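1. Sequence first, structure after, both from an experimental entry:
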Amino acid sequence: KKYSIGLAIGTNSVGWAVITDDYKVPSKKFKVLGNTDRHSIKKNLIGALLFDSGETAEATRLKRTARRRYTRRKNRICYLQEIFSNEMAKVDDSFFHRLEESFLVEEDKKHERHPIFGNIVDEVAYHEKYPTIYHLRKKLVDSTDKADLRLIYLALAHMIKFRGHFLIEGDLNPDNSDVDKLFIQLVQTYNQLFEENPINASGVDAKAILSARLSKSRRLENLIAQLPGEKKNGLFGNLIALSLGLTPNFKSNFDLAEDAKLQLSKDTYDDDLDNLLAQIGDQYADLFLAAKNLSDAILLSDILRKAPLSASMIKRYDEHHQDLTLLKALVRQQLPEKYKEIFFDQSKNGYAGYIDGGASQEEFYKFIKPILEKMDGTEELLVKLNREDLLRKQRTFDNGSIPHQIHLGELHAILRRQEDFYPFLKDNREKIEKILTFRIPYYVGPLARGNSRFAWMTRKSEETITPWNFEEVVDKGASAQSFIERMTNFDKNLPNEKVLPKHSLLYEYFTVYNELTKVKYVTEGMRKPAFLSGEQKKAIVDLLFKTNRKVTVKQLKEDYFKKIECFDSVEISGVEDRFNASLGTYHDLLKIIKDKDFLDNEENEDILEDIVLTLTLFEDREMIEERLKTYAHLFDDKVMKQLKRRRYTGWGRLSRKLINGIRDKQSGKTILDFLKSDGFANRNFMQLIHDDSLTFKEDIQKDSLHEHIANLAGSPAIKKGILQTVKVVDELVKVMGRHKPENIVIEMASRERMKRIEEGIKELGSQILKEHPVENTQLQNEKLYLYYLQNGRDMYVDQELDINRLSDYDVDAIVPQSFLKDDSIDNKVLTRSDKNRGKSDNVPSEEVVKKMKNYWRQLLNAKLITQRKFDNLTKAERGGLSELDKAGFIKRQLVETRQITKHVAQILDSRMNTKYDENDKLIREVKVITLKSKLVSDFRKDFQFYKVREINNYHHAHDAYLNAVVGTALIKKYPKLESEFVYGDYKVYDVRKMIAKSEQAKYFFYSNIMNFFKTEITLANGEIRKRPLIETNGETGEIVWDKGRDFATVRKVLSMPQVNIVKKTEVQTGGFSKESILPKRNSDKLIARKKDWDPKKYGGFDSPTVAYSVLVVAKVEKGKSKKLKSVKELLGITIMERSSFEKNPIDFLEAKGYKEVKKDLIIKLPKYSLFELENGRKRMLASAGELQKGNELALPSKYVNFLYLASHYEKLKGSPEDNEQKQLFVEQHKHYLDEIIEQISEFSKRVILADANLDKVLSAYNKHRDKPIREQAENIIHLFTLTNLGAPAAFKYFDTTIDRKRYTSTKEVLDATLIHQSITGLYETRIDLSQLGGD
RNA sequence: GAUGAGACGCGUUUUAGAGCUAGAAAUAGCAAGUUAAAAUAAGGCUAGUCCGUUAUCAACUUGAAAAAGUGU
């Protein structure tokens, strides 16, 4: 009667299976709706949903913001036009109208063809006089002559539209703008980050060197030449090299495995810096920020060589002229044959390309460099083709550096000069400047009025907000409050409680204590290294951490242990080299206020937390400044400004109430209190939280479905997978007659080796690598890798191994397969005979460790083995395996650490368990189990239920099934261990209590909980223990596993050829088209950029994106007779067209050219709609004009296992006795290849229909029949890409590359059967489209 | 580990920047070029200095919609 659901949640699929008490997969009959002759199908309740990955809302956000900016910029220019209106109407009635219509061709143009003046003569004159806008800007700033009001507008507009950046806050002065001051600022931050090996900025004239009109690398060399202790490739060297615009690599500066090459002038820089900071710490932020600021200062110095900008651009125009004329002259002089290509052909990256073709400065310089090197009359030109000042346009990328204060300046100059000639410029000068100056603050957000899902702000008036009445119309206070209310992230650990800023004092204390409390100190006077205890820790903090930003091991041992704990010789085992933790904000704000009194007062702590909070949330000057209102008196008004200048960015992961708020029920000590001072054995935040002895865990445990999902901490993709999972379960509940299941099992699916082995072999006699060379091509073959991690010696006996005889040697497990399944290197060794470990069922013998420990420690120093491996190798020296270690093994094997999974299990529980008893207690009908993937995967490998993902999509379903099997079998065999994997408030039962101290009620002595599936249990000795044929639970009498029948049942389920694979059908969403604006062309294919703008004249977009195709049955006109021919067509509705179509489809279709449309036969066909054709061949709809493979090749499980085994000829299992037999199983079945290729062939000939590629791959197969079995196998695993579901893709078989075979015709589906599938695929609705037509 | 607010600078597309000599023209010889306006998802009603590329979506039935139903 009862049943269970097994699930395998993924980002691209959801596996699901239904099982019964005998571990069988039911088969049922389902109705088939539609209009075919089929009315029922028999289907197995096993299957998998497939779906495209969910996307992150970023690109959508970037677009949103960019849109906002364009509207607001246009609004600016519209303000400026609003001011100049009347007087311009007095001067030129149709100036602005000429401006709007600047775009239109002369034909569509209502007014005179020339925008500025309205006459050919005045226009040509104007352009001849001022070849650029900058000339005119300079003339308008420097001359006292009255000028045409139109040129006033044009200048002011060209300065208000493009109003420069706003990075520098307040007015411009040398302290924030000049190369030198920012250089000493940079070195100040660097020195602050080190203080040891510092840099002096005293004798360095950086202002002259960095701003010199010489190349970047030259300025680099010149600067590092002034620094003797530093090299060009140094950290500082790469910082300046970064600031000049070069591309330094920080791989060498910080010993990373991967290279990290930064370049400020790239769009991807922000993220690359993010990765760099991820790998080296958040201590280096201000440094790189300073480096950037310096870069902008340098660039601004390169462009500003009154109106300095306009002037320099003018000089640039002139230089461009001189160098161009000289260039052309020289070219005609030396190569007249190539002049026509360089100055006329736009298709080439020449000047004709640089100006008309669309090439960039870089492409241009790349093009003409070899020519200039071939002409040899061009040395100064080549000199110019560097340093970024040759043939330059006035508008390029460097222009980002120009602050808004420059433009405000020149704008103000022009405004002052013509101030007297026009009273309205005088009266409205501050208005204009405000238009240029005003910038909406972060905390304000979109100036909405209730119709924005993003905005929050509040208005003081009912007026349209302008840059002039902004200040007293926006409720800055309420808006800031709401801004706070929104931006506060809550702690996942503690909801309803916001998280501390990443730079809060409490947070820094927290991380310091957390990293410090795990330090163990050892001295000769003491027996063994233990922790520091409270007095010592607080002492180290008080003396060291609040006097120094960076703490050195030398500073720890010599400036504490030597001067307090008397210890002369100490050894620290807790931390390496230095402390990662720090008290940065403490020391920075200390340097700010210079008042240790308020700092350590502990009463002022709250006030400080509020101060740093405000400094983190906001960045606007005024809102920052309002944060002095409560704290103006408490501090001297002098220091206060320096406090306002300090800004902190970033957020923590933990709240206040979690760190120092919530406290244990019993002990009454909070997390921080219980962390600061423990007894001899210290507790970490990793072990305080999930501990069952304390209140914390139970405290952590204590809305709509959408909210439940969105609150989760996971990618939008996995949230998609999770919603699909919930839906699948709901439908499966519907299929089983609305009966909820017993159980729902959930599963959620390198040079480092070479580095460690070369470093490690370097720490010792490195003769092994010099005598036996090896590259990472030999990679990580286990036995070789271990042969090198062990210096070519036996880990158990003192003897020098041989490379040529590795196949005789076997790998052994430190903690045997009987206790814990661990196949990593951290639990594997290499020896001539596994018998050399000893004769114990436990860890290797005492005889061995006592005779080999020295060697092991030798390996430990060389970091060849980790602490864990050394500990587990020398465990007989402490007895062996204990009860704590076994309880540990259980908790390791059984607990899923991932929090997303616990929250998904919580969701399904909250959905399935809805009934309450006579008390007020949760009636728990359905048990939601959580599985680790290692369980089912190892279960596969143990009993040869092998997985080969490349064959078909069944493995998802098989995985959900096996998840149900192992999950429920575990809940039946070990019910006491429920609270460790089943979701809910159960009893803990203290795992330690469930394990036997020695053999012969207890659950197990051998802690591999997955032992009871086996008939035999092989021990370290080779001693083969035996187990019942039928496993049953003691205290219940229930039978859990029949090692005879149930494996046959599983093997049966996995081999069922009918699995419900369903691909979620999806309306396409996104951009209307490709984003490139194409030149005007005589085609009716281009899309209008604006309603009226005919693309044949103005250009437009290409390649629109189709939302979904639609089936239309109607008639069209054919011939000169315009006779109605009835047709049935597949029409794609594009994303742009969609709103209009769905609003009223019949008029859309009639306007499209269709007459007498069958409204009831308009069938919506989303992407991946399924069509079945002849012989059971299927196709999915990819667009309105291409199809995808729709069938699944169900390869018999024997072939699958054969392919797994043969492809893994180098099988690293657990035994070498069975492995050889596996290899013999491969060699014995060589006909299997031929059979497999026969299956692939039959399937191919029937459903994929690619005759060419099949013939090619068949010939290429039969030709290589004499090739080894392993090769043929893995190549066939490739060959499966011919038959795979989805889009055709190219694949390689041996050397022969088989190109993809697309299905470009879409018509065949018009007379096929549309199959509407539910999410399980169990419910179908089949529509015969050949029955539909024009009567 | 997702989600959000502010701003810049490129790019691109049309248009304005009279091309000149011969030759009747076709077409060849040459002169040049660096700038600007405008748009920057078509657009939307809720008309905001707002919103418009995420999430969500088999079929059928009932609903304006949220969403309920339908198949041993």
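-> Great, that's in hand. Residues are numbered from 1 along each chain as shown, chains lettered A, B, ... in the order given.

2. Can you pull the phi/psi pair for residue A:654?
-> phi -120, psi 150 (degrees, to the nearest 10).

3. meant to ask about residue A:851
-> Backbone dihedrals for residue A:851, given as degrees, to the nearest 10, come out at phi -100, psi 10.

4. all helices for the stretch 1151-1300 of chain A, in order.
-> Counting by DSSP state H, counting those that start in this stretch, the stretch 1151-1300 of chain A has helices at residues A:1197-1207, A:1216-1228, A:1231-1243, A:1251-1263, A:1269-1279.

5. Spatially nearest residue to residue A:385, not counting backbone neighbours?
-> Take residue A:385 and drop its neighbours on the chain: the residue closest to it by CB to CB, 6 or more residues apart in numbering is residue A:365, 5.4 Å away. All C-beta spots, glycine's among them, are computed from the backbone N, C-alpha and C.

6. er, residue A:785 actually
-> Residue A:785 sits nearest to residue A:753 (CB to CB, 6+ apart), 6.3 Å away.

7. Check residue A:486 too.
-> residue A:456 (5.9 Å).

8. still on that earlier bit, tell me the secondary structure for the residue nearest to residue A:785?
-> Assigned state for residue A:753: helix (three-state reduction, DSSP: H, G, I helix; E, B strand; the rest coil).

9. that older thread, and the residue nearest to residue A:385, that one's in a helix?
-> Yes. Counting by three-state DSSP, one finds residue A:365 located in a helix.

10. Could you list every helix and strand in contact with the helix or strand encompassing residue A:1325?
-> Assigned by DSSP states H and E, residue A:1325 falls within strand A:1324-1328. Helices and strands touching strand A:1324-1328, as assessed by 3 or more CB pairs under 8 Å, 6 or more residues apart in numbering; DSSP states H and E, comprise strand A:27-34, strand A:1313-1317.

11. still on that earlier bit, show me the contacts for the residue nearest to residue A:486.
-> A:445, A:479, A:482, A:483, A:485, A:486 (CB atoms under 8 Å, 6 or more residues apart in numbering).

12. How is chain A divided into domains?
-> A:64-166+A:402-447, A:174-303, A:308-401, A:448-487, A:490-700, A:752-862, A:1188-1311 (automatic domain parsing).

13. follow-up on the earlier one: mind listing what the strand holding residue A:1325 pairs with, with the direction of each?
-> As defined by DSSP bridges, the strand partners of strand A:1324-1328 come to strand A:27-34 (parallel), strand A:1313-1317 (antiparallel).

14. tell me the phi and psi of residue A:793?
-> phi -130, psi 160.

15. Compute the number of surrounding residues for the residue in the stretch 1101-1250 of chain A that RNA strand B sits nearest to.
-> Relative to RNA strand B, the nearest point of the stretch 1101-1250 of chain A is residue A:1136 (4.7 Å; CB to the nearest atom of the strand). Residue A:1136 is flanked by 16 other residues according to other CB atoms under 10 Å.

16. Remind me which helix or strand it belongs to.
-> helix A:1135-1143.

17. about what we covered before: as CSV, the domains of chain A with distance to RNA strand B would be great.
-> Formatted as CSV, those follow (distance: least, CB to the nearest atom of the strand, whole Å):
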stretch, distance to RNA strand B
domain A:64-166+A:402-447, 3
domain A:174-303, 7
domain A:308-401, 3
domain A:448-487, 3
domain A:490-700, 7
domain A:752-862, 21
domain A:1188-1311, 14
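
18. re earlier: just the buried residues of the contacts of residue A:456.
-> A:445, A:479, A:482, A:483 (16 or more other CB atoms under 10 Å).

19. what sits against the residue nearest the centre of chain A?
-> Chain A has residue A:715 as the residue nearest its centroid, 8.6 Å off, counting by CA atoms, centre = their mean. Counting by CB under 8 Å, 6+ apart, residue A:715 touches A:11, A:54, A:56.

20. Buried among these? Make that a ChimeraX selection.
-> Here is the ChimeraX command that picks out the buried ones among the contacts of residue A:715, judged by 16+ other CB under 10 Å:
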select /A:11,54
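
21. filter the contacts of residue A:715 by proximity to RNA strand B?
-> A:54, A:56 (CB under 7 Å from any atom of the strand).

22. would a markdown table of the contacts of residue A:715 with secondary structure be doable?
-> Formatted as a markdown table, the contacts of residue A:715 follow (three-state DSSP):
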| residue | secondary structure |
| --- | --- |
| A:11 | coil |
| A:54 | coil |
| A:56 | coil |
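
23. what's near enough to touch the residue nearest to residue A:785?
-> A:776, A:779, A:780, A:785.

24. ranking the residues you listed by neighbours, who comes first?
-> Neighbour-wise, those (other CB under 10 Å) top out at residue A:785, 19 neighbours.

25. Make sure that residue is actually in contact with residue A:760.
-> No. Residue A:785 lies out of contact with residue A:760 (CB atoms under 8 Å); the separation is 11.7 Å.

26. Distance-wise, check the closest residue to residue A:923 other than its chain neighbours relative to RNA strand B.
-> Using CB to CB, 6+ apart and skipping the chain neighbours, the partner closest in space to residue A:923 is residue A:915 (4.4 Å). As judged by CB to the nearest atom of the strand, to the nearest Å, residue A:915 and RNA strand B stand 16 Å apart.

27. unless I'm mixing things up, residue A:915 is touching residue A:925, no?
-> Yes. Using CB under 8 Å, residue A:915 makes contact with residue A:925 at a distance of 6.9 Å.

28. Tell me which of these two has more neighbours.
-> residue A:925 (12 against 8).

29. Quickly find the element holding the more buried one.
-> Using DSSP H and E, no helix or strand contains residue A:925.

30. if I pick it, what's in contact with it?
-> For residue A:925, the contacting residues are A:740, A:912, A:913, A:915, by CB under 8 Å, 6+ apart.

31. from memory residue A:131 sits against residue A:314, does it?
-> No. Under the criterion of CB under 8 Å, residue A:131 makes no contact with residue A:314, lying 9.1 Å away.

32. Comparing the two, which residue is more hemmed in?
-> Neighbour count, other CB under 10 Å: between residue A:131 and residue A:314, residue A:314 has more, with 20 against 14.

33. Provide a list of residues in contact with that one.
-> By CB under 8 Å, 6+ apart, the residues touching residue A:314 are A:132, A:134, A:135, A:138.

34. For the residues you listed, pick the one with the most neighbours.
-> residue A:138 (25 neighbours).

35. Check the secondary structure at that one for me.
-> Applying three-state DSSP: residue A:138 is helix.

36. Excluding residues flanking it in the chain, which one is nearest it?
-> Closest to residue A:138 by CB to CB, 6+ apart is residue A:310, at 4.0 Å.

37. gap between the one you found and residue A:410?
-> Distance of residue A:310 to residue A:410, given as CB to CB, to the nearest Å: 7 Å.

38. residues bridging contact with the two, i.e. touching both?
-> Joint contacts of residue A:310 and residue A:410 (CB under 8 Å, 6+ apart) are A:137, A:141.

39. could you redo the buried ones among the contacts of residue A:456 as JSON lines and give each row secondary structure?
-> JSON lines is the format used below for the buried ones among the contacts of residue A:456 (three-state DSSP):
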{"residue": "A:445", "secondary structure": "coil"}
{"residue": "A:479", "secondary structure": "helix"}
{"residue": "A:482", "secondary structure": "helix"}
{"residue": "A:483", "secondary structure": "helix"}
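
40. and the two most separated of these?
-> A:445 and A:482 (8.4 Å; CB to CB).

41. Surely the residue nearest to residue A:138 touches residue A:409?
-> No. In this structure residue A:310 lies outside contact range of residue A:409 using CB under 8 Å: 10.7 Å.

42. neighbour-wise, which of these two wins?
-> A direct count of neighbours by other CB under 10 Å for residue A:310 and residue A:409 places residue A:310 higher, at 23 against 18.

43. That one: which element?
-> Assigned by DSSP H and E, residue A:310 falls in helix A:308-334.
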